[PDB]
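Visitor:
Number of protein chains: 2
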Amino acid sequence: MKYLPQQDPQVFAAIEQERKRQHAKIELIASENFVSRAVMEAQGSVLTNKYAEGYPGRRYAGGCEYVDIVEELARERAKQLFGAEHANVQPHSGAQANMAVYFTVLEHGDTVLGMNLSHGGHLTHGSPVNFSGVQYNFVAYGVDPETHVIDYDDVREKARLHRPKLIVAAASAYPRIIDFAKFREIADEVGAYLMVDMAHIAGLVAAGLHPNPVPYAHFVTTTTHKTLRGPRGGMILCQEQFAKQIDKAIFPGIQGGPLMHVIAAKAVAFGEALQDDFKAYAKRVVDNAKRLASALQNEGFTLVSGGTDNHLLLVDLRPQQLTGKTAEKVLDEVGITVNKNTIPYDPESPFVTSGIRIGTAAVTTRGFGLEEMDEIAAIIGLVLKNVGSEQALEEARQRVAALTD
Amino acid sequence: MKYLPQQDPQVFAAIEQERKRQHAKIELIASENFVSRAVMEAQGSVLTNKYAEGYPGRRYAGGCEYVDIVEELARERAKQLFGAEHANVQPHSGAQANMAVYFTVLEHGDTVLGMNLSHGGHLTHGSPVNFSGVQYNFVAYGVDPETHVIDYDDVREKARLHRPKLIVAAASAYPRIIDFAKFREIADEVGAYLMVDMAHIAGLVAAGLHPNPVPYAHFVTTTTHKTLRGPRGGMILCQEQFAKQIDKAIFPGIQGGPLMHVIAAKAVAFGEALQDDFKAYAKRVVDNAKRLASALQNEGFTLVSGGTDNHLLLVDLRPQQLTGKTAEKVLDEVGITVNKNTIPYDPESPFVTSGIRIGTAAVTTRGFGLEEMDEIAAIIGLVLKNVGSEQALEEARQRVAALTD
Ligand SMILES: *Cc1c(COP(=O)(O)O)cnc(C)c1O
Ligand SMILES: *Cc1c(COP(=O)(O)O)cnc(C)c1O
Numbered sequence: 001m002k003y004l005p006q007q008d009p010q011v012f013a014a015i016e017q018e019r020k021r022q023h024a025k026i027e028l029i030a031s032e033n034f035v036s037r038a039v040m041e042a043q044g045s046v047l048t049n050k051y052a053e054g055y056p057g058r059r060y061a062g063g064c065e066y067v068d069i070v071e072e073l074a075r076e077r078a079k080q081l082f083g084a085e086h087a088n089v090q091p092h093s094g095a096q097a098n099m100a101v102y103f104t105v106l107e108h109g110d111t112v113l114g115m116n117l118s119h120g121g122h123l124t125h126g127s128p129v130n131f132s133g134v135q136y137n138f139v140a141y142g143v144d145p146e147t148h149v150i151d152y153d154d155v156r157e158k159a160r161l162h163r164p165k166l167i168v169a170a171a172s173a174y175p176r177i178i179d180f181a182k183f184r185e186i187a188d189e190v191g192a193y194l195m196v197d198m199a200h201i202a203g204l205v206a207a208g209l210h211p212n213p214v215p216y217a218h219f220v221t222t223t224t225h226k227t228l229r230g231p232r233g234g235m236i237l238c239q240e241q242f243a244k245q246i247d248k249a250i251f252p253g254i255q256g257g258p259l260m261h262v263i264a265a266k267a268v269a270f271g272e273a274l275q276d277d278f279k280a281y282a283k284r285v286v287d288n289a290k291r292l293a294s295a296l297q298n299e300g301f302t303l304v305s306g307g308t309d310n311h312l313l314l315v316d317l318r319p320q321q322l323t324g325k326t327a328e329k330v331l332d333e334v335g336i337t338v339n340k341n342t343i344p345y346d347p348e349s350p351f352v353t354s355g356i357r358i359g360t361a362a363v364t365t366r367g368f369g370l371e372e373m374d375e376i377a378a379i380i381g382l383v384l385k386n387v388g389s390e391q392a393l394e395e396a397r398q399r400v401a402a403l404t405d
Numbered sequence: 001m002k003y004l005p006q007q008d009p010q011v012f013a014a015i016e017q018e019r020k021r022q023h024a025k026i027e028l029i030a031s032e033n034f035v036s037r038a039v040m041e042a043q044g045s046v047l048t049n050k051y052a053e054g055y056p057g058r059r060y061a062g063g064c065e066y067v068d069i070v071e072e073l074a075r076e077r078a079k080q081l082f083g084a085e086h087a088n089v090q091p092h093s094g095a096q097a098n099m100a101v102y103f104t105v106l107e108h109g110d111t112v113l114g115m116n117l118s119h120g121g122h123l124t125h126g127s128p129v130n131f132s133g134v135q136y137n138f139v140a141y142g143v144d145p146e147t148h149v150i151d152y153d154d155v156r157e158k159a160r161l162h163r164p165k166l167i168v169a170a171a172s173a174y175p176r177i178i179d180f181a182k183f184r185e186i187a188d189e190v191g192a193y194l195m196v197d198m199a200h201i202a203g204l205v206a207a208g209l210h211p212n213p214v215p216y217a218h219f220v221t222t223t224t225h226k227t228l229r230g231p232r233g234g235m236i237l238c239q240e241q242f243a244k245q246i247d248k249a250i251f252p253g254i255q256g257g258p259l260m261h262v263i264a265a266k267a268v269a270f271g272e273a274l275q276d277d278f279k280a281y282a283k284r285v286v287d288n289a290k291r292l293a294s295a296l297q298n299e300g301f302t303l304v305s306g307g308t309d310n311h312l313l314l315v316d317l318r319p320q321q322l323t324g325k326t327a328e329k330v331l332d333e334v335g336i337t338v339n340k341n342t343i344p345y346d347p348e349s350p351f352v353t354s355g356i357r358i359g360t361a362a363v364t365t366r367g368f369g370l371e372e373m374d375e376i377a378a379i380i381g382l383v384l385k386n387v388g389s390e391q392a393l394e395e396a397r398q399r400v401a402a403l404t405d
């Protein structure tokens with residue numbers, strides 16, 4: 001940076017604080033990652049100065065010749081990476097990606113089937129305080145009370161009874177592989193559309209380490225950030241027959257002018273995802289997640305579903321008589337960043353919780369391998385089993401600093 | 001840039017093309033502007049790596065200490081600049097800013113009164129192909145057929161007959177000052193809320209060159225870009241009593257995690273707007289718009305409302321038997337960027353139009369004064385009155401290059 005330190009010292013000081021914070025702490029929030037320096041440079045570009053209302057070739061304003069190339073590059077790389085027939089890279093967020101699809105297929109008050117929020121489902125999948133649960137009639141399917149894997153018979157039963165117009169699959173906190181083939185099999189039985197929100201698993205789908213939902217779902221939504229390691233934003237993937245309708249749901253549907261500088265960064269992020277080292281990176285993420293899972297059990301922690309198939313894991317803290325809130329607070333004191341998260345059939349409210357959510361996507365970007373996975377797990381054990389001891393927390397504090405150089 | 005040229009040559013080449021395009025052309029689209037190098041650096045920051053779901057102090061995740069400072073700086077500067085009691089700087093766009101307010105005050109199918117789209121109103125003010133016109137029952141008020149100024153008696157008549165729950169004031173293409181006091185007087189009579197969408201005039205409100213809608217409106221929405229010369233995004237301003245409800249309409253209402261790097265740039269943009277030279281800049285914008293308006297009439301062009309009170313003007317092209325589409329196309333050939341725009345009571349469809357929309361915000365940033373306003377107007381006259389002559393267009397092409405160095 002050059003012009004910000006001089007122009008706005010207060011803002012630059014806070015950014016430099018945040019930059020050092022990202023280095024000093026161990027980032028274990030499953031939705032967090034670190035983007036490349038090339039991705040950031042694209043967001044700091046002059047492409048913010050251009051209104052590009054519409055789509056490449058079909059713009060409502062002139063002078064879009066080169067931002068069209070950018071959006072095309074973003075759309076073509078997305079289709080190459082995921083094997084989709086159509087792509088829309090204009091969604092401002094994953095929430096706006098979901099909103100647009102809902103706007104396409106559903107009318108106000110329509111019944112939609114989604115994953116239980118206490119079981120793994122996202123806010124945009126039918127929360128009574130979110131637009132989705134207010135705009136539409138949302139019903140829930142759950143996971144098995146003891147195996148914590150999606151009960152696909154329950155998904156079929158809920159679909160056949162509630163007769164939804166849409167079925168949403170995918171989660172914010174689900175450690176296992178989602179069977180999209182069985183979701184389509186259920187959707188075809190009740191004559192409903194299928195939408196997959198791969199936001200958390202998108203990078204793992206790109207590297208072929210998680211089954212691709214594209215050939216099963218009518219609509220596929222995702223965030224460009226998280227495991228895809230791209231800028232903060234959204235994307236919609238669909239078959240050719242929904243292409244025009246999905247585009248119209250973004251503009252002039254729910255949005256105005258797109259963020260061309262962010263779309264530029266999406267194109268950079270997709271280009272980086274197509275390369276071989278990203279597929280090697282994403283394998284290490286899952287390898288690190290499996291290693292962390294095994295090591296936490298070795299420390300005496302119960303895990304939701306008894307492990308992980310993807311990038312994230314949930315710790316059932318009830319054995320140690322701890323709440324997610326307590327765990328989040330105490331780990332923040334040593335430099336480990338987690339978020340409290342409801343476990344399936346949680347006795348505690350969503351604001352207190354009985355579990356914590358941990359992902360390996362961010363730390364794996366920093367170069368964390370199998371060795372440090374065991375150390376992170378050792379520190380978490382030291383902290384949570386010795387909450388009252390400041391001796392342990394100071395020891396843990398030093399062991400966090402040893403890992404982060 | 002350093003890492004993008006090496007990482008993604010295709011994307012960097014298109015960005016460099018766009019950077020040179022922004023320099024080479026004369027940007028006269030009223031919604032366009034050029035942000036400072038400090039604003040861009042804030043968007044190219046690591047603040048994209050942080051999830052900040054919630055609000056400063058009341059976050060759903062830890063490690064937000066410094067992004068809270070950023071959001072607070074953005075919120076406090078906004079309140080200083082506009083005299084508002086509360087600010088929300090999380091809206092991804094002006095469209096999402098409007099959407100959130102509608103989500104707060106209205107239930108599905110509620111009657112809303114807004115400005116006619118053919119008269120100046122925005123897409124988000126009740127288009128039957130936009131969410132606003134589908135989600136809500138939108139009725140329209142118009143301008144005077146010969147004066148092109150808002151018919152405030154028509155606004156009262158439409159309000160008393162249709163009994164709206166909300167009244168929206170402000171426009172995308174309205175060259176005159178909007179009387180917010182009379183809009184509130186009408187809203188109080190019918191017991192309706194008042195919302196002002198100052199997106200186009202926000203910078204002029206900041207410099208005190210346009211009446212502030214804050215003490216008249218219950219809700220004030222705006223884009224952070226355009227005349228405010230900030231990053232691409234949205235903002236909501238309201239009184240203290242709506243603060244909690246407006247915040248809940250953004251999250252967990254219509255959005256997820258905010259764009260902290262864009263909020264950082266908003267804070268930079270507001271900081272730049274509080275300084276004296278911005279108030280001097282914004283006066284030159286209006287001065288340039290008045291000078292361009294007078295000069296275009298001197299060339300024989302009819303203007304909507306017979307001039308301008310703000311940053312933008314509309315040319316009624318019917319005298320020269322030209323459509324907006326034809327004018328937009330031919331000016332693109334010489335290097336002048338405009339957009340076709342429906343004039344009030346336009347015989348031509350919104351896709352062909354009878355007028356063009358011109359703003360001075362962008363060129364004034366580049367250093368354009370009164371002298372070059374007369375030259376721009378001279379070139380526009382040369383082009384549009386000699387459409388068939390390539391001799392004139394080549395002459396015009398050279399005169400565009402003389403202005404842009
Ligand atoms: C992260 C996520 C989203 C969207 O997040 P934004 O903050 O809106 O980008 C949507 N659905 C799921 C399942 C997610 O994980
Ligand atoms: C520009 C504008 C908006 C929003 O534009 P976005 O592209 O959504 O940022 C909303 N209302 C009015 C009147 C505008 O001019």
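Here the protein sequences line up with chains A and A', keeping their order. A prime marks a further copy of an entry chain.
Residue 392 in the entry's author numbering sits at position 392 of the first sequence, with consecutive numbering throughout.
Residue 309 in the entry's author numbering sits at position 309 of the second sequence, with consecutive numbering throughout.
Even for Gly, the Cβ is constructed at its ideal location relative to N, Cα and C.
Do three or more CB pairs link the stretch 205-218 of chain A' to the stretch 289-308 of chain A' at distances below 8 Å?
Guide: Contact between the stretch 205-218 of chain A' and the stretch 289-308 of chain A' is absent, because fewer than three Cβ pairs lie under 8 Å.
Visitor: Residues of chain A with a CB under 8 Å from the CB of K50 (chain A'): which are they?
Guide: The contacting residues are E18, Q22, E32.
Visitor: Residues of chain A' with a CB under 7 Å from the CB of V67 (chain A): which are they?
Guide: Under the 7 Å cutoff, chain A' gives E18.
Visitor: For the stretch 306-324 of chain A' and the stretch 385-405 of chain A, state whether three or more C-beta atom pairs, one from each stretch, are separated by less than 8 Å.
Guide: The stretch 306-324 of chain A' is not in contact with the stretch 385-405 of chain A.
Visitor: Under 8 Å, Cβ to Cβ, is there at least one residue of chain A near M115 (chain A')?
Guide: Judged by the 8 Å Cβ criterion, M115 (chain A') is not in contact with chain A.
Visitor: Please state whether DSSP places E189 (chain A') in a helix, a strand or coil.
Guide: Helix at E189 (chain A').
Visitor: Return yes when at least one heavy atom of ligand 1 lies under 7 Å from the C-beta of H122 (chain A), else no.
Guide: Yes, the beta carbon of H122 (chain A) sits closer than 7 Å to at least one heavy atom of ligand 1.
Visitor: Within a Cβ cutoff of 8 Å, which residues of the same chain sit near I379 (chain A'), ignoring the five residues on either side of it in sequence?
Guide: Only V334, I336, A396, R399, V400 meet the Cβ criterion.
Visitor: Applying the criterion that 16 or more other CB atoms from any shown protein chain within 10 Å of the CB defines a buried residue, is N298 (chain A') buried or exposed?
Guide: The residue in question, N298 (chain A'), is exposed, as its Cβ has fewer than 16 Cβ neighbours within 10 Å.
Visitor: For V268 (chain A'), count the other beta carbons within 10 Å of its own beta carbon; 16 or more makes it buried, fewer makes it exposed. Which is it?
Guide: Buried, because 16 or more other Cβ atoms sit within 10 Å of the Cβ of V268 (chain A').
Visitor: If you follow the beta strand (DSSP E) that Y60 (chain A) is in, where does it begin and where does it stop?
Guide: Here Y60 (chain A) belongs to no beta strand (DSSP E), and DSSP marks it neither H nor E.
Visitor: So the alpha helix (DSSP H) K79 (chain A') belongs to, where does it begin and stop?
Guide: Looking at the DSSP string, the run of the alpha helix (DSSP H) that includes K79 (chain A') is 65-82.
Visitor: Go through its chain and collect everything with a Cβ distance to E372 (chain A)'s Cβ below 7 Å, but skip five positions before and after it.
Guide: Cβ within range, chain order: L403.
Visitor: What residue does the alpha helix (DSSP H) around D374 (chain A) start on, and which one ends it?
Guide: From DSSP, the alpha helix (DSSP H) with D374 (chain A) extends over 370-384.
Visitor: Under a three-way DSSP split, which group does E27 (chain A) fall into?
Guide: Correct three-state label for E27 (chain A): strand.
Visitor: Identify the continuous beta strand (DSSP E) that holds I236 (chain A') and give its terminal residues.
Guide: Segment 234-238, the beta strand (DSSP E) holding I236 (chain A').
Visitor: Take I29 (chain A) as the anchor and find which of A':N49, A':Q10, A':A42, A':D68 has the nearest alpha-carbon.
Guide: Nearest option by C-alpha distance: A':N49.
Visitor: Any chance you could list the alpha helix (DSSP H) runs of at least 4 consecutive residues sitting entirely within the stretch 150-174 of chain A, in chain order?
Guide: Qualifying alpha helix (DSSP H) stretches, in chain order: 152-162.
Visitor: Could you run through the stretch 55-80 of chain A' and flag, in chain order, every residue whose CB is less than 8 Å away from some CB of chain A?
Guide: Those residues of the stretch 55-80 of chain A' that come within reach of chain A (Cβ to Cβ, closer than 8 Å) are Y60, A61, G62, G63, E65, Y66, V67, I69, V70, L73.
Visitor: If you measure beta-carbon to beta-carbon, which residues of the stretch 261-282 of chain A' are closer than 9 Å to chain A?
Guide: Those residues of the stretch 261-282 of chain A' that come within reach of chain A (Cβ to Cβ, closer than 9 Å) are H261, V262, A264, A265, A267, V268, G271, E272.
Visitor: How many Å lie between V149 (chain A') and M260 (chain A) at the Cα?
Guide: Answer to the nearest angstrom: the Cα atoms are 35 Å apart.
Visitor: Under 7 Å Cβ to Cβ from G271 (chain A), same chain only, skipping five residues before and after it: list those, please.
Guide: Here the set comprises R77.
Visitor: For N298 (chain A'), name the three-state secondary structure that DSSP assigns.
Guide: It is helical.
Visitor: Report the partner residues of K325 (chain A) according to the DSSP bridge assignment.
Guide: Looking at the DSSP assignment, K325 (chain A) forms no beta bridge with any residue, so it has no partner.
Visitor: Out of curiosity, what's the CA-to-CA distance linking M235 (chain A') and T302 (chain A)?
Guide: Cα to Cα, the separation comes out at about 44 Å.
Visitor: Return yes when the Cβ of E18 (chain A') is within less than 8 Å of the Cβ of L47 (chain A), no when it is not.
Guide: In contact: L47 (chain A) and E18 (chain A') (Cβ atoms closer than 8 Å).
Visitor: Are the CB atoms of residue 406 (chain A) and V214 (chain A) nearer to each other than 8 Å?
Guide: Any question about residue 406 (chain A) goes unanswered here, given that chain A covers just 1 to 405.
Visitor: Taking 8 Å as the threshold (beta carbon to beta carbon), is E394 (chain A) in contact with chain A'?
Guide: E394 (chain A) does not count as touching chain A'.
Visitor: Is the stretch 35-44 of chain A touching the stretch 87-106 of chain A', taking contact as three or more C-beta pairs under 8 Å?
Guide: Short answer: they don't touch.
Visitor: Can you find a heavy atom of ligand 2 that lies under 7 Å from the Cβ of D197 (chain A')?
Guide: Answer for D197 (chain A'): yes, Cβ within range of ligand 2.
Visitor: According to a CB-to-CB cut-off of less than 8 Å, which residues of the stretch 245-257 of chain A neighbour chain A'?
Guide: Taking 8 Å as the Cβ-Cβ cut-off against chain A', the residues of the stretch 245-257 of chain A that qualify are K248, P252, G253, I254, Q255, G256, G257.
Visitor: Kindly identify the DSSP beta-bridge partner or partners of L303 (chain A').
Guide: The partner list for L303 (chain A') (beta bridge, DSSP) reads A':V315.
Visitor: Count the other CB atoms, across all protein chains shown, that sit within 10 Å of the CB of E27 (chain A'); report buried if there are 16 or more and exposed otherwise.
Guide: Buried, by the Cβ-count rule.
Visitor: Using the beta-carbon count (16 or more within 10 Å), is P164 (chain A) buried or exposed?
Guide: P164 (chain A) should be labelled buried.
Visitor: Quick check on DSSP: helix, strand or coil for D197 (chain A')?
Guide: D197 (chain A'): strand per DSSP, three-state reduction.
Visitor: Which bits of chain A does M1 (chain A') rub up against, with CB to CB less than 7 Å?
Guide: Within 7 Å Cβ-Cβ: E41.
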